[PDB]
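Student: Provided below: start.csv, containing CSV, C-alpha atoms and all ligand atoms.
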```csv
chain,number,residue,atom,x,y,z
E,11,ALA,CA,132.1,96.5,111.7
E,12,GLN,CA,132.1,95.8,115.5
E,13,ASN,CA,129.8,97.9,117.8
E,14,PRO,CA,128.1,99.8,115.0
E,15,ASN,CA,125.7,101.6,117.4
E,16,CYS,CA,128.7,103.0,119.4
E,17,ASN,CA,127.6,101.7,122.7
E,18,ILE,CA,129.8,102.0,125.8
E,19,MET,CA,131.4,98.6,126.4
E,20,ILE,CA,132.3,97.1,129.7
E,21,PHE,CA,135.2,94.7,130.1
E,22,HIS,CA,136.1,92.1,132.8
E,23,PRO,CA,139.7,91.0,132.1
E,24,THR,CA,141.2,88.0,134.0
E,25,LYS,CA,144.4,88.5,136.0
E,26,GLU,CA,146.2,86.8,133.0
E,27,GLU,CA,144.7,89.3,130.6
E,28,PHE,CA,145.6,92.2,132.9
E,29,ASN,CA,149.4,91.8,132.4
E,30,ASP,CA,149.8,93.4,129.1
E,31,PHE,CA,148.2,96.9,128.9
E,32,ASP,CA,148.9,97.6,125.2
E,33,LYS,CA,147.6,94.2,124.1
E,34,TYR,CA,144.3,94.7,126.1
E,35,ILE,CA,143.7,98.1,124.6
E,36,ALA,CA,144.2,96.6,121.2
E,37,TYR,CA,141.8,93.8,122.2
E,38,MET,CA,139.1,96.2,123.3
E,39,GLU,CA,139.4,98.1,119.9
E,40,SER,CA,139.1,94.8,118.0
E,41,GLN,CA,135.7,94.5,119.7
E,42,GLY,CA,134.7,98.0,118.6
E,43,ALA,CA,135.1,99.7,122.0
E,44,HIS,CA,136.5,102.9,120.6
E,45,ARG,CA,133.5,103.6,118.5
E,46,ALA,CA,131.7,104.8,121.7
E,47,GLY,CA,134.5,107.2,122.8
E,48,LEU,CA,134.6,105.6,126.3
E,49,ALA,CA,134.9,102.1,127.8
E,50,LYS,CA,134.8,100.7,131.4
E,51,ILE,CA,137.3,98.2,132.7
E,52,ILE,CA,136.5,96.3,135.8
E,53,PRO,CA,139.9,94.9,137.2
E,54,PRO,CA,140.3,91.3,138.2
E,55,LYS,CA,139.1,90.5,141.7
E,56,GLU,CA,142.7,89.7,142.8
E,57,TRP,CA,144.0,93.1,141.8
E,58,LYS,CA,144.4,96.1,144.0
E,59,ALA,CA,145.8,99.6,143.4
E,60,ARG,CA,147.3,99.8,146.9
E,61,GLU,CA,146.7,98.2,150.3
E,62,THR,CA,144.7,101.0,152.0
E,63,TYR,CA,143.7,104.7,151.6
E,64,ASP,CA,144.2,105.3,155.3
E,65,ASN,CA,147.1,107.7,155.1
E,66,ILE,CA,146.2,110.2,152.3
E,67,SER,CA,144.9,113.1,154.4
E,68,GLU,CA,148.1,115.1,154.3
E,69,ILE,CA,148.3,115.4,150.5
E,70,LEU,CA,148.0,119.1,149.7
E,71,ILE,CA,145.5,120.7,147.3
E,72,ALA,CA,147.6,123.8,146.6
E,73,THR,CA,144.9,125.6,144.5
E,74,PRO,CA,141.4,124.3,145.0
E,75,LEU,CA,139.0,125.6,142.3
E,76,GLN,CA,135.5,126.9,143.0
E,77,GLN,CA,133.4,126.2,139.9
E,78,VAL,CA,131.1,129.1,139.4
E,79,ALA,CA,128.4,128.7,136.7
E,80,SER,CA,126.7,131.2,134.3
E,81,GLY,CA,123.8,130.5,131.9
E,82,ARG,CA,120.8,128.3,132.1
E,83,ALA,CA,120.4,124.9,133.8
E,84,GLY,CA,121.1,122.8,130.7
E,85,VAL,CA,123.5,125.2,128.8
E,86,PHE,CA,126.1,126.9,131.0
E,87,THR,CA,129.7,127.8,131.3
E,88,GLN,CA,131.9,127.6,134.4
E,89,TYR,CA,134.9,129.5,135.6
E,90,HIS,CA,137.3,128.5,138.1
E,91,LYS,CA,138.0,130.8,141.0
E,92,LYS,CA,141.2,130.0,142.9
E,93,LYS,CA,140.9,129.3,146.7
E,94,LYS,CA,143.4,129.0,149.5
E,95,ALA,CA,145.3,125.8,149.9
E,96,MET,CA,143.9,122.9,152.0
E,97,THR,CA,144.9,119.3,152.8
E,98,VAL,CA,142.9,116.3,151.5
E,99,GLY,CA,141.6,115.8,155.1
E,100,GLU,CA,140.4,119.5,155.2
E,101,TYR,CA,138.8,119.1,151.7
E,102,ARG,CA,137.0,115.8,152.7
E,103,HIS,CA,135.5,117.6,155.8
E,104,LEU,CA,134.4,120.4,153.5
E,105,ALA,CA,132.8,118.0,151.0
E,106,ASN,CA,130.9,116.3,153.9
E,107,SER,CA,129.6,119.6,155.3
E,108,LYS,CA,125.9,120.5,155.2
E,109,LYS,CA,126.6,123.2,152.5
E,110,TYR,CA,128.4,120.8,150.1
E,111,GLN,CA,127.3,117.3,150.8
E,112,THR,CA,125.3,115.0,148.4
E,113,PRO,CA,121.5,115.3,149.0
E,114,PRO,CA,119.2,112.5,149.8
E,115,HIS,CA,118.4,110.6,146.6
E,116,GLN,CA,116.7,107.3,145.4
E,117,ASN,CA,119.2,106.0,142.9
E,118,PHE,CA,121.8,107.3,140.4
E,119,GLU,CA,119.0,108.5,138.0
E,120,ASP,CA,117.3,110.6,140.7
E,121,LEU,CA,120.7,112.1,141.6
E,122,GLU,CA,121.4,112.9,137.9
E,123,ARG,CA,118.0,114.7,137.7
E,124,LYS,CA,119.0,116.8,140.7
E,125,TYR,CA,122.4,117.6,139.3
E,126,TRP,CA,120.9,119.0,136.0
E,127,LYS,CA,118.2,120.8,137.7
E,128,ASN,CA,120.3,122.5,140.4
E,129,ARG,CA,124.0,122.5,139.5
E,130,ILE,CA,124.1,126.2,138.3
E,131,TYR,CA,122.8,127.4,141.7
E,132,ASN,CA,125.8,126.2,143.6
E,133,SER,CA,129.6,126.5,143.3
E,134,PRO,CA,131.3,123.3,144.4
E,135,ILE,CA,135.1,123.2,145.0
E,136,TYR,CA,137.3,120.8,142.9
E,137,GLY,CA,140.9,119.7,143.8
E,138,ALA,CA,141.9,119.1,140.2
E,139,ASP,CA,145.0,118.5,138.2
E,140,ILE,CA,147.4,117.7,141.1
E,141,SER,CA,150.6,116.0,139.9
E,142,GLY,CA,151.1,112.7,141.7
E,143,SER,CA,150.0,109.0,142.1
E,144,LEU,CA,148.2,106.8,144.6
E,145,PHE,CA,149.3,103.5,143.0
E,146,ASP,CA,151.7,101.4,145.1
E,147,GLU,CA,155.0,101.0,143.4
E,148,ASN,CA,154.6,97.3,143.8
E,149,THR,CA,151.4,97.2,141.8
E,150,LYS,CA,152.7,96.0,138.4
E,151,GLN,CA,149.4,95.8,136.4
E,152,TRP,CA,147.6,98.9,135.1
E,153,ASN,CA,149.7,101.2,137.3
E,154,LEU,CA,149.1,104.7,135.8
E,155,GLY,CA,152.5,105.9,137.0
E,156,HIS,CA,154.3,103.1,135.1
E,157,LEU,CA,152.8,103.3,131.6
E,158,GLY,CA,154.8,103.6,128.4
E,159,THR,CA,155.2,107.3,127.6
E,160,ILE,CA,153.6,109.2,124.7
E,161,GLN,CA,157.1,110.4,123.7
E,162,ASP,CA,158.3,106.9,123.5
E,163,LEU,CA,155.2,105.9,121.4
E,164,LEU,CA,155.9,108.8,119.0
E,165,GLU,CA,159.6,107.7,118.7
E,166,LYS,CA,158.7,104.0,118.1
E,167,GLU,CA,156.1,104.9,115.4
E,168,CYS,CA,157.7,107.9,113.7
E,169,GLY,CA,161.5,107.5,114.5
E,170,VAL,CA,161.9,111.0,116.0
E,171,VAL,CA,163.2,111.5,119.6
E,172,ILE,CA,161.5,114.4,121.5
E,173,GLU,CA,161.7,116.1,124.8
E,174,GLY,CA,158.9,115.9,127.3
E,175,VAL,CA,157.5,113.8,130.1
E,176,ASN,CA,154.1,112.2,130.8
E,177,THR,CA,153.0,111.9,134.5
E,178,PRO,CA,149.6,111.3,136.2
E,179,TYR,CA,147.3,113.6,137.9
E,180,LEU,CA,145.0,113.4,141.0
E,181,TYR,CA,141.5,114.7,141.2
E,182,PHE,CA,139.7,115.2,144.5
E,183,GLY,CA,135.9,115.8,143.9
E,184,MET,CA,132.7,116.6,145.8
E,185,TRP,CA,129.0,116.7,145.0
E,186,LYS,CA,128.4,118.7,141.8
E,187,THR,CA,132.1,119.1,140.8
E,188,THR,CA,132.0,119.1,137.0
E,189,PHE,CA,134.2,118.3,134.0
E,190,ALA,CA,133.2,120.3,130.9
E,191,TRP,CA,132.8,119.0,127.4
E,192,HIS,CA,136.3,118.3,125.9
E,193,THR,CA,138.6,115.9,124.1
E,194,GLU,CA,142.1,115.3,125.4
E,195,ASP,CA,145.1,117.4,124.4
E,196,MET,CA,146.1,116.5,120.9
E,197,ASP,CA,143.1,114.1,120.8
E,198,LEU,CA,145.0,111.6,123.0
E,199,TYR,CA,143.5,108.7,124.9
E,200,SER,CA,143.0,109.0,128.6
E,201,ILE,CA,142.7,106.5,131.4
E,202,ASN,CA,141.0,107.3,134.7
E,203,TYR,CA,141.0,105.2,137.9
E,204,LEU,CA,138.5,106.0,140.6
E,205,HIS,CA,140.6,105.2,143.8
E,206,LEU,CA,137.9,105.8,146.4
E,207,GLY,CA,134.7,107.4,147.4
E,208,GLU,CA,131.5,108.3,145.6
E,209,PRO,CA,130.8,107.7,141.9
E,210,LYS,CA,131.5,109.8,138.8
E,211,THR,CA,128.9,110.0,136.0
E,212,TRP,CA,130.2,110.4,132.4
E,213,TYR,CA,128.6,111.5,129.1
E,214,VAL,CA,130.4,110.8,125.8
E,215,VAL,CA,129.9,111.5,122.1
E,216,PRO,CA,131.2,108.8,119.6
E,217,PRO,CA,134.3,110.0,117.8
E,218,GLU,CA,132.7,109.7,114.4
E,219,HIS,CA,130.1,112.2,115.5
E,220,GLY,CA,132.2,114.7,117.3
E,221,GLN,CA,131.7,117.4,114.7
E,222,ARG,CA,128.0,117.4,115.5
E,223,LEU,CA,128.7,118.3,119.0
E,224,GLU,CA,131.1,121.1,117.9
E,225,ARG,CA,128.4,122.6,115.6
E,226,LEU,CA,125.8,122.6,118.4
E,227,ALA,CA,128.4,124.2,120.7
E,228,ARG,CA,129.0,127.0,118.2
E,229,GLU,CA,125.2,127.7,118.1
E,230,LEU,CA,124.8,127.5,121.9
E,231,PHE,CA,127.9,129.6,122.8
E,232,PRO,CA,128.0,132.0,120.0
E,233,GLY,CA,130.4,134.7,121.5
E,234,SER,CA,132.8,132.0,122.6
E,235,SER,CA,132.8,130.6,119.0
E,236,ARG,CA,133.6,133.9,117.5
E,237,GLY,CA,136.5,134.3,120.0
E,238,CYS,CA,138.2,131.0,119.1
E,239,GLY,CA,137.9,128.4,116.5
E,240,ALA,CA,138.4,125.6,119.1
E,241,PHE,CA,136.9,126.9,122.2
E,242,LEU,CA,135.9,123.6,123.7
E,243,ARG,CA,139.7,123.3,124.4
E,244,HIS,CA,139.0,125.9,127.1
E,245,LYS,CA,137.1,123.2,129.1
E,246,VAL,CA,134.4,125.5,130.2
E,247,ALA,CA,131.1,124.6,128.5
E,248,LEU,CA,128.3,122.3,129.7
E,249,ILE,CA,125.4,121.0,127.7
E,250,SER,CA,122.8,118.7,129.4
E,251,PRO,CA,121.6,115.3,128.1
E,252,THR,CA,118.1,116.8,127.6
E,253,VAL,CA,119.6,119.5,125.3
E,254,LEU,CA,121.7,117.1,123.4
E,255,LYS,CA,118.6,114.8,122.9
E,256,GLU,CA,116.5,117.9,121.7
E,257,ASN,CA,119.2,118.6,119.1
E,258,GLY,CA,119.7,115.1,117.9
E,259,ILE,CA,123.3,114.7,119.1
E,260,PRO,CA,124.3,111.1,119.5
E,261,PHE,CA,125.7,110.3,123.0
E,262,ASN,CA,125.8,107.8,125.8
E,263,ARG,CA,126.1,107.9,129.6
E,264,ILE,CA,127.6,105.6,132.3
E,265,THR,CA,128.4,105.8,136.0
E,266,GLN,CA,131.9,104.8,137.2
E,267,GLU,CA,132.3,103.5,140.8
E,268,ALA,CA,135.3,103.2,143.0
E,269,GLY,CA,137.6,100.5,141.9
E,270,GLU,CA,136.9,100.8,138.2
E,271,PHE,CA,138.9,102.2,135.2
E,272,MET,CA,137.5,104.3,132.3
E,273,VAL,CA,139.3,104.8,129.0
E,274,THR,CA,138.5,107.7,126.7
E,275,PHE,CA,139.5,107.2,123.0
E,276,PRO,CA,140.9,109.7,120.6
E,277,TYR,CA,138.5,112.5,119.7
E,278,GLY,CA,135.8,111.1,122.1
E,279,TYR,CA,134.1,114.2,123.6
E,280,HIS,CA,133.3,113.7,127.3
E,281,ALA,CA,131.8,115.6,130.3
E,282,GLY,CA,130.5,114.6,133.7
E,283,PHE,CA,130.1,115.2,137.4
E,284,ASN,CA,131.0,113.7,140.8
E,285,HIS,CA,128.3,112.3,143.2
E,286,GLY,CA,130.2,113.1,146.4
E,287,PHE,CA,133.7,113.1,148.0
E,288,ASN,CA,136.0,111.0,145.7
E,289,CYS,CA,139.6,110.7,144.4
E,290,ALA,CA,140.5,109.8,140.8
E,291,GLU,CA,143.8,109.5,139.1
E,292,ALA,CA,144.2,110.0,135.3
E,293,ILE,CA,146.8,110.2,132.6
E,294,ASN,CA,147.0,110.6,128.8
E,295,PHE,CA,148.4,107.8,126.6
E,296,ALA,CA,148.9,107.0,123.0
E,297,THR,CA,148.8,103.9,120.7
E,298,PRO,CA,149.7,103.6,117.0
E,299,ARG,CA,146.1,104.3,116.1
E,300,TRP,CA,146.3,107.7,117.8
E,301,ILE,CA,149.0,109.2,115.4
E,302,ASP,CA,146.5,110.1,112.7
E,303,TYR,CA,144.2,111.8,115.3
E,304,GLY,CA,147.1,113.8,116.6
E,305,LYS,CA,147.9,115.1,113.2
E,306,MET,CA,144.3,116.3,112.7
E,307,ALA,CA,143.6,117.7,116.2
E,308,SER,CA,142.2,121.1,116.5
E,309,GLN,CA,144.0,123.7,118.4
E,310,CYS,CA,143.2,126.8,120.5
E,311,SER,CA,145.5,129.6,119.4
E,312,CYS,CA,143.4,132.5,121.2
E,313,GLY,CA,145.6,131.9,124.1
E,314,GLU,CA,143.0,130.8,126.6
E,315,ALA,CA,143.7,127.0,126.7
E,316,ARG,CA,147.4,127.2,127.8
E,317,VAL,CA,148.8,123.7,128.0
E,318,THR,CA,151.9,121.6,129.1
E,319,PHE,CA,155.5,121.8,128.1
E,320,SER,CA,155.2,118.3,126.5
E,321,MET,CA,152.4,119.4,124.0
E,322,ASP,CA,155.0,121.6,122.3
E,323,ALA,CA,156.8,118.8,120.7
E,324,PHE,CA,153.6,117.0,119.6
E,325,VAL,CA,152.5,120.1,117.7
E,326,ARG,CA,156.0,120.8,116.3
E,327,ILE,CA,156.4,117.3,114.9
E,328,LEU,CA,152.8,116.3,114.0
E,329,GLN,CA,151.5,119.8,113.0
E,330,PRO,CA,154.4,121.8,111.7
E,331,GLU,CA,152.3,124.3,109.8
E,332,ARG,CA,150.3,125.2,112.9
E,333,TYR,CA,153.4,125.3,115.0
E,334,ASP,CA,154.2,129.1,114.7
E,335,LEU,CA,150.6,130.3,115.3
E,336,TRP,CA,149.9,127.8,118.2
E,337,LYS,CA,153.1,128.9,120.0
E,338,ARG,CA,152.0,132.6,119.7
E,339,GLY,CA,148.9,131.4,121.7
E,340,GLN,CA,151.2,129.7,124.3
E,341,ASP,CA,153.6,132.7,124.6
E,401,LIG,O1,137.8,113.2,136.3
E,401,LIG,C1,137.7,114.3,135.9
E,401,LIG,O2,137.4,115.5,136.5
E,401,LIG,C2,138.1,114.6,134.4
E,401,LIG,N1,138.8,113.4,133.8
E,401,LIG,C3,138.9,113.3,132.5
E,401,LIG,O3,138.5,114.2,131.6
E,401,LIG,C4,139.6,112.1,132.0
E,401,LIG,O4,140.0,111.3,132.7
E,401,LIG,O5,139.8,112.2,130.7
E,402,MG,MG,149.0,112.0,153.5
E,403,NI,NI,139.3,114.0,129.8
E,404,ZN,ZN,140.9,129.5,122.5
```
I'd like the structure from this file rewritten - as structure tokens, please.

Tutor:
Amino acid sequence: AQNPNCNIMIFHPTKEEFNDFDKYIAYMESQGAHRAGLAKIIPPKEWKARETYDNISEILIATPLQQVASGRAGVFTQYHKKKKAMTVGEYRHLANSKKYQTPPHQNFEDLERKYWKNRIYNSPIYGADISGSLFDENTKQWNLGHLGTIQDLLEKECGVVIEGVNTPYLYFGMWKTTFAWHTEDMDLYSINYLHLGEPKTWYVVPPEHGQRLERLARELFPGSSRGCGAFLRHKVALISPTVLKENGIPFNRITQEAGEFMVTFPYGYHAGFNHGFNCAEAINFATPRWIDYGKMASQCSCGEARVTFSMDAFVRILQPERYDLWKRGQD
């Protein structure tokens, strides 16, 4: 079995190897990359996502989210308070303000210590989930706006044509902005490209050990657990590396820098934070290996998790028994 300790793998494809996206994913899996839940891909040195980032300031963040925490430093929830619209240029100035900017630090490890010690005492503002793309249309390799769609994968594997579309999303972050512990909708893959700015630190649990994280989360968030049988789908809960280590949960960590891709694999729980002002682009995708994970994915039916139009068809075709109750949650 390749990668039996489920370490995060880092890949350096040549420009020749960067032509065929599906084939490279399948290569990474042949080497065991999926067992970690997360992989890093450093693009060939010849490749670029676009020529410059000089003209992005007039992108609108229609609903910036202030991430307010409750709990203790290593075990907390966050809720998202909606703020007034602002442009990317306005958001960048805010991120660089004395109130919100990254503190002085020695290295990524010292910054990580400061994040876990102090996150709960501040409410950073995240420009998340903005439909759009920063890839130049002439970028032909690993362009997240040009990938094969999950609806077309389901049709190719299963023979059933379904409605729905699959487009990317932009994330504009600042110091302390936080992504809570989750897997993707329908336990899909994700791919994330850090276009610009400061790094993003990731934590991940190997897919084969995901249920250990779920059982800890039920213990640590006991009211949330009684409210919903899949409450990590709400994307609100944080658990620190120190707490995970104290409870014996297997995980790994890695920092992504500008210019690098990360891939999350089906049923790979992940969480993380931004080091400063940055912009990332991400999308879900599928391969033939995903289909069995899609059939088994948990679902929120309490009504909190409220997801896309396109997830309807996935539930309807892959999980017909759940269909009914899940759509009651979505309506
Ligand atoms: O970058 C973020 O805030 C969150 N991204 C992801 O969870 C992802 O790409 O799967
Ligand atoms: Mg602009
Ligand atoms: Ni994710
Ligand atoms: Zn729920």

Student: Could the residues that lie within 7 Å of ligand NI 403 (chain E), counting all atoms listed in the file, be listed as a list in words?

Tutor: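 Counting all atoms listed in the file, the residues within 7 Å of ligand NI 403 (chain E) come out as residues 192, 193, 194, 200 and 280 of chain E.
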
Student: Within 10 Å of ligand LIG 401 (chain E) (counting only C-alpha atoms and all ligand atoms), which residues show up? I'd like them as a PyMOL selection string.

Tutor: chain E and resi 48+136-139+179-183+187-195+198-204+210-212+245+271-275+278-284+288-294

Student: Using only C-alpha atoms, find the one residue out of E:84, E:94, E:325, E:166 that sits nearest to residue 255 of chain E.

Tutor: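 Checking each candidate against residue 255 of chain E, we get E:84 as the closest.
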
Student: With ligand ZN 404 (chain E) as the partner and 6 Å as the cut-off, tabulate the residues of chain E that qualify, each row holding the nearest pair of atoms and their distance in Å to one decimal, using all atoms listed in the file, sorted by chain and rising number, as CSV.

Tutor:
```
residue,atom,partner,partner_atom,distance
E:238,CA,E:ZN404,ZN,4.6
E:240,CA,E:ZN404,ZN,5.7
E:241,CA,E:ZN404,ZN,4.8
E:310,CA,E:ZN404,ZN,4.1
E:311,CA,E:ZN404,ZN,5.5
E:312,CA,E:ZN404,ZN,4.1
E:313,CA,E:ZN404,ZN,5.5
E:314,CA,E:ZN404,ZN,4.8
E:315,CA,E:ZN404,ZN,5.6
```

Student: Atom CA of residue 43 of chain E to atom CA of residue 160 of chain E: how many Å, to one decimal?

Tutor: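 Atom CA of residue 43 of chain E sits 21.0 Å away from atom CA of residue 160 of chain E.
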
Student: Pick from E:153, E:40, E:76, E:143: nearest to ligand MG 402 (chain E), with all atoms listed in the file counted?

Tutor: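 Of E:153, E:40, E:76, E:143, the one nearest ligand MG 402 (chain E), counting all atoms listed in the file, is E:143.
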
Student: For each of E:321, E:105, E:171, E:98, take the minimum atom-to-atom distance to residue 69 of chain E, counting all atoms listed in the file, then give the residue where this is smallest.

Tutor: E:98

Student: Looking at all atoms listed in the file, which of E:32, E:341, E:68, E:27 is the one that sits closest to ligand MG 402 (chain E)?

Tutor: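 That would be E:68, the residue with the smallest distance to ligand MG 402 (chain E).
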
Student: Counting all atoms listed in the file, which protein, DNA or RNA residues come within 10 Å of ligand MG 402 (chain E), given as a list in words?

Tutor: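 Sorted by chain and then by number, the residues are residues 63, 64, 65, 66, 67, 68, 69, 70, 97, 98 and 99 of chain E.
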
Student: Next, write the just-selected residues to a file, as a short mmCIF file (atom, residue, chain, number, x, y, z; two decimals), in the frame of the given file, keeping C-alpha atoms as the atom set.

Tutor:
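Dumped to part_0.cif:
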```cif
data_model
loop_
_atom_site.label_atom_id
_atom_site.label_comp_id
_atom_site.auth_asym_id
_atom_site.auth_seq_id
_atom_site.Cartn_x
_atom_site.Cartn_y
_atom_site.Cartn_z
CA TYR E 63 143.70 104.70 151.60
CA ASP E 64 144.20 105.30 155.30
CA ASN E 65 147.10 107.70 155.10
CA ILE E 66 146.20 110.20 152.30
CA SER E 67 144.90 113.10 154.40
CA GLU E 68 148.10 115.10 154.30
CA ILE E 69 148.30 115.40 150.50
CA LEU E 70 148.00 119.10 149.70
CA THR E 97 144.90 119.30 152.80
CA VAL E 98 142.90 116.30 151.50
CA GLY E 99 141.60 115.80 155.10
#
```

Student: Find, counting only C-alpha atoms, the residue in E:322, E:316, E:144, E:197 that gets nearest to residue 340 of chain E.

Tutor: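 The shortest atom-to-atom distance to residue 340 of chain E comes from E:316.
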
Student: Within 12 Å of residue 228 of chain E, counting all atoms listed in the file, which residues show up once you throw out same-chain ones fewer than 4 positions away? Write them as a short mmCIF file (atom, residue, chain, number, x, y, z; two decimals) with C-alpha atoms, keeping the file's coordinate frame, please.

Tutor:
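Okay, out.cif is ready:
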```cif
data_model
loop_
_atom_site.label_atom_id
_atom_site.label_comp_id
_atom_site.auth_asym_id
_atom_site.auth_seq_id
_atom_site.Cartn_x
_atom_site.Cartn_y
_atom_site.Cartn_z
CA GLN E 221 131.70 117.40 114.70
CA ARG E 222 128.00 117.40 115.50
CA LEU E 223 128.70 118.30 119.00
CA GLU E 224 131.10 121.10 117.90
CA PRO E 232 128.00 132.00 120.00
CA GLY E 233 130.40 134.70 121.50
CA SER E 234 132.80 132.00 122.60
CA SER E 235 132.80 130.60 119.00
CA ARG E 236 133.60 133.90 117.50
CA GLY E 237 136.50 134.30 120.00
CA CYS E 238 138.20 131.00 119.10
CA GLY E 239 137.90 128.40 116.50
CA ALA E 240 138.40 125.60 119.10
CA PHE E 241 136.90 126.90 122.20
CA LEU E 242 135.90 123.60 123.70
CA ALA E 247 131.10 124.60 128.50
CA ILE E 249 125.40 121.00 127.70
#
```

Student: Calculate how many Å separate atom CA of residue 304 of chain E from atom CA of residue 145 of chain E, rounding to one decimal.

Tutor: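 So the answer is 28.4 Å.
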
Student: Out of E:50, E:302, E:42, E:140, which residue has the shortest atom-to-atom distance to residue 22 of chain E when counting all atoms listed in the file?

Tutor: E:50

Student: By how many Å are atom CA of residue 286 of chain E and atom CA of residue 110 of chain E apart?

Tutor: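 Between atom CA of residue 286 of chain E and atom CA of residue 110 of chain E the gap is 8.7 Å.
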
Student: Since the input has fewer atoms than a full residue there, write segment 96-114 of chain E out with N, CA and C atoms, as a PDB file, in the frame of the given file.

Tutor:
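Once everything was written out, this is out10.pdb:
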```pdb
ATOM      1  N   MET E  96     144.387 123.736 150.882  1.00  0.00           N
ATOM      2  CA  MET E  96     143.900 122.900 152.000  1.00  0.00           C
ATOM      3  C   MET E  96     144.403 121.474 151.764  1.00  0.00           C
ATOM      4  N   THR E  97     144.502 120.733 152.823  1.00  0.00           N
ATOM      5  CA  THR E  97     144.900 119.300 152.800  1.00  0.00           C
ATOM      6  C   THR E  97     143.683 118.502 152.271  1.00  0.00           C
ATOM      7  N   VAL E  98     143.946 117.275 151.882  1.00  0.00           N
ATOM      8  CA  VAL E  98     142.900 116.300 151.500  1.00  0.00           C
ATOM      9  C   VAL E  98     141.961 116.091 152.708  1.00  0.00           C
ATOM     10  N   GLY E  99     142.540 116.029 153.909  1.00  0.00           N
ATOM     11  CA  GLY E  99     141.600 115.800 155.100  1.00  0.00           C
ATOM     12  C   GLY E  99     140.749 117.059 155.296  1.00  0.00           C
ATOM     13  N   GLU E 100     141.194 118.285 155.109  1.00  0.00           N
ATOM     14  CA  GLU E 100     140.400 119.500 155.200  1.00  0.00           C
ATOM     15  C   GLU E 100     139.325 119.471 154.102  1.00  0.00           C
ATOM     16  N   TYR E 101     139.721 119.102 152.890  1.00  0.00           N
ATOM     17  CA  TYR E 101     138.800 119.100 151.700  1.00  0.00           C
ATOM     18  C   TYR E 101     137.696 118.028 151.970  1.00  0.00           C
ATOM     19  N   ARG E 102     138.028 116.826 152.424  1.00  0.00           N
ATOM     20  CA  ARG E 102     137.000 115.800 152.700  1.00  0.00           C
ATOM     21  C   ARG E 102     135.977 116.315 153.772  1.00  0.00           C
ATOM     22  N   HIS E 103     136.480 116.971 154.809  1.00  0.00           N
ATOM     23  CA  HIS E 103     135.500 117.600 155.800  1.00  0.00           C
ATOM     24  C   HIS E 103     134.622 118.595 155.137  1.00  0.00           C
ATOM     25  N   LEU E 104     135.150 119.410 154.231  1.00  0.00           N
ATOM     26  CA  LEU E 104     134.400 120.400 153.500  1.00  0.00           C
ATOM     27  C   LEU E 104     133.297 119.742 152.651  1.00  0.00           C
ATOM     28  N   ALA E 105     133.721 118.730 151.894  1.00  0.00           N
ATOM     29  CA  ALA E 105     132.800 118.000 151.000  1.00  0.00           C
ATOM     30  C   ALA E 105     131.614 117.360 151.763  1.00  0.00           C
ATOM     31  N   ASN E 106     131.900 116.976 153.002  1.00  0.00           N
ATOM     32  CA  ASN E 106     130.900 116.300 153.900  1.00  0.00           C
ATOM     33  C   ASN E 106     130.070 117.326 154.663  1.00  0.00           C
ATOM     34  N   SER E 107     130.302 118.617 154.550  1.00  0.00           N
ATOM     35  CA  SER E 107     129.600 119.600 155.300  1.00  0.00           C
ATOM     36  C   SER E 107     128.164 119.769 154.780  1.00  0.00           C
ATOM     37  N   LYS E 108     127.292 120.335 155.612  1.00  0.00           N
ATOM     38  CA  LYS E 108     125.900 120.500 155.200  1.00  0.00           C
ATOM     39  C   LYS E 108     125.758 121.343 153.875  1.00  0.00           C
ATOM     40  N   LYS E 109     126.617 122.322 153.712  1.00  0.00           N
ATOM     41  CA  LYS E 109     126.600 123.200 152.500  1.00  0.00           C
ATOM     42  C   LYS E 109     126.918 122.409 151.216  1.00  0.00           C
ATOM     43  N   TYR E 110     127.858 121.464 151.298  1.00  0.00           N
ATOM     44  CA  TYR E 110     128.400 120.800 150.100  1.00  0.00           C
ATOM     45  C   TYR E 110     128.029 119.377 149.887  1.00  0.00           C
ATOM     46  N   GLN E 111     127.480 118.687 150.895  1.00  0.00           N
ATOM     47  CA  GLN E 111     127.300 117.300 150.800  1.00  0.00           C
ATOM     48  C   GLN E 111     126.187 116.835 149.783  1.00  0.00           C
ATOM     49  N   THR E 112     126.299 115.585 149.335  1.00  0.00           N
ATOM     50  CA  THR E 112     125.300 115.000 148.400  1.00  0.00           C
ATOM     51  C   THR E 112     123.917 115.023 149.115  1.00  0.00           C
ATOM     52  N   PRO E 113     122.899 115.376 148.399  1.00  0.00           N
ATOM     53  CA  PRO E 113     121.500 115.300 149.000  1.00  0.00           C
ATOM     54  C   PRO E 113     120.989 113.978 148.998  1.00  0.00           C
ATOM     55  N   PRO E 114     119.901 113.799 149.825  1.00  0.00           N
ATOM     56  CA  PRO E 114     119.200 112.500 149.800  1.00  0.00           C
ATOM     57  C   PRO E 114     118.648 112.228 148.389  1.00  0.00           C
TER      58      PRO E 114
END
```
